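Number of protein chains: 2
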Amino acid sequence: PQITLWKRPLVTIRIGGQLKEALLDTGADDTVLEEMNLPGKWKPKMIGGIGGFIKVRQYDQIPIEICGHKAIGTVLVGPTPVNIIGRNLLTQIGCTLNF
Amino acid sequence: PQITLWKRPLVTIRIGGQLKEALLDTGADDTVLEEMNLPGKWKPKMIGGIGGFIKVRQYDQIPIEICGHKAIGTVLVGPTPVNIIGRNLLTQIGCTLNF
Ligand SMILES: CC[C@H](C)CN(C[C@@H](O)[C@H](Cc1ccccc1)NC(=O)c1cccc(O)c1)S(=O)(=O)c1ccc(-c2ccno2)s1
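Chains as they are written, first to last, in my numbering: chain V, 1 to 99; chain H, 1 to 99.
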């Protein structure tokens, strides 16, 4: 689709058979989801945003379907204010900015 | 233009006599610029992201040129690590997300 920006670009994602709302976030390098359970081995990681650094759990090669487009990649789980889809997965689904 | 998201979507913006690199950021409701002493009235605000909150000064009806496109609107000025063009100005320059 084409998505305009008068509203937050929130989309439904499917991950582990669960439906969540996430923000398409071109200013985020990474995809960061609020606390949830994901299976498999994870690595402790730290990431930085506008307010400083937080600790997250890094899961690799997690499938997410974003608006019906399939991605498989790195998902960080931790205290983000909202679920965000970052550039690592935006590139996989062919998302671009256009003006 | 079309901007892919393999790298950060940094573009040149102009604010008065200052040229800066800023993120085209669909995850940002409003534009946030690095500390700078802009003329005119403003109001303090707290904005939250990854890591917590920062305090900013909200200026309204500030003209910003973004890749030659004219915009005018709210700009939040504070101790952000990166200049951020938010949805409030992205819409004005005709920026959409596409996939
Ligand atoms: C709540 C949703 C967002 C977290 C809001 N922010 C916009 C993000 O795109 C942010 C941009 C960023 C990039 C690099 C360093 C610091 C920040 N990215 C990130 O936080 C980021 C950057 C790099 C890697 C990563 O894993 C995350 S944000 O930066 O916190 C933000 C912008 C405008 C906001 C607002 C609130 C009310 N009115 O306006 S809140």
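Backbone N, C-alpha and C fix where the C-beta goes; we use that ideal spot for every residue, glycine too.
Check your understanding: Thinking just about the alpha-carbon of each residue, which of 58/H, 36/H, 62/H and 21/H is nearest to the one in residue 42/H?
Key -> Scanning 58/H, 36/H, 62/H and 21/H for the CA closest to the CA of residue 42/H turns up 58/H.
Review point. Hey, how far is the Cα of residue 69/H from the Cα of residue 46/V?
Key: Rounded to whole angstroms, residue 69/H and residue 46/V show a C-alpha spacing of 37 Å.
Check your understanding: Quick one: which chain H residues come within Cβ less than 9 Å of residue 6/V?
Key -> Chain H residues near residue 6/V: 87 and 91.
Review point. Using 8 Å as the threshold, is the segment 78 to 87 of chain V in touch with the segment 21 to 29 of chain V, meaning 3 or more CB pairs across them?
Key: Yes, since at least three Cβ pairs between the segment 78 to 87 of chain V and the segment 21 to 29 of chain V fall closer than 8 Å, the two stretches touch.
**Study point:** Short Cβ contact (7 Å threshold) for residue 75/H with residue 31/H
**Key:** Yes, Cβ-Cβ distance for residue 75/H and residue 31/H is below 7 Å.
Point to revise | Rounded separation between residue 4/V and residue 9/H - CA only | key: Residue 4/V and residue 9/H have their C-alpha atoms roughly 17 Å apart.
Point to revise | Cut-off 6 Å between Cβ atoms - residues of its own chain near residue 79/V, not counting five sequence neighbours on either side | key: Excluding positions up to five away in sequence, the list reads 54.
Practice item. Name the two residues that bound the continuous beta strand (DSSP E) containing residue 87/V. Key: Taken as a continuous stretch (DSSP letters only), residue 87/V belongs to no beta strand (DSSP E), being part of the alpha helix (DSSP H) at 87 to 90.
Review point. Relative to chain V, which residues along the segment 10 to 28 of chain H have a C-beta separation below 9 Å, given in chain order?
Key: If you check each beta-carbon in the segment 10 to 28 of chain H against every beta-carbon of chain V, the ones closer than 9 Å belong to 23, 24, 25, 26, 27 and 28.
Check your understanding: So who's on the other strand from residue 144/V, going by DSSP bridges?
Key -> Missing from the structure shown is residue 144/V; chain V here goes from 1 to 99 and no further.
Exercise for review: Identify, in the order they occur along the chain, each residue of the same chain with its Cβ nearer than 6 Å to the Cβ of residue 60/H, setting aside the five sequence neighbours on each side.
Suggested key: For residue 60/H, same chain residues with a beta-carbon under 6 Å away, outside a window of 5 residues either side, are 74 in chain order.
Point to revise | Chain-ordered chain H contacts of residue 33/V [CB-CB under 7 Å] | key: Neighbours of residue 33/V across chain H, judged by C-beta separation under 7 Å, do not exist; the nearest C-beta is about 12 Å away.
Check your understanding: Comparing alpha-carbon positions, which option in 83/H, 51/H and 98/H lies nearest residue 66/H?
Key -> Comparing Cα positions, the closest option is 83/H.
Check your understanding: Taking the continuous beta strand (DSSP E) assigned at residue 70/H, which residues delimit it?
Key -> From DSSP, the beta strand (DSSP E) with residue 70/H extends over 69 to 77.
Practice item. Could you tell me which uninterrupted beta strand (DSSP E) segments, each at least 3 residues in length, are contained entirely in the segment 24 to 72 of chain H, listed from first to last along the chain? Key: Secondary structure within the segment 24 to 72 of chain H: the beta strand (DSSP E) runs of 3 or more consecutive residues, fully enclosed, are 31 to 33, 43 to 49 and 52 to 66 (chain order).
Check your understanding: At a CB-CB cut-off below 7 Å, which residues of chain H make contact with residue 72/V?
Key -> Listed along chain H, no residue sits closer than 7 Å to residue 72/V by beta-carbon distance, the nearest being about 16 Å off.
Practice item. Measure the C-alpha to C-alpha separation of residue 81/V and residue 98/H and round it to an integer number of angstroms. Key: Looking at the backbone, the Cα of residue 81/V and that of residue 98/H are separated by about 25 Å.
Review point. Should residue 98/H be flagged as near chain V, meaning a C-beta pair shorter than 7 Å?
Key: At least one chain V Cβ lies under 7 Å of residue 98/H.
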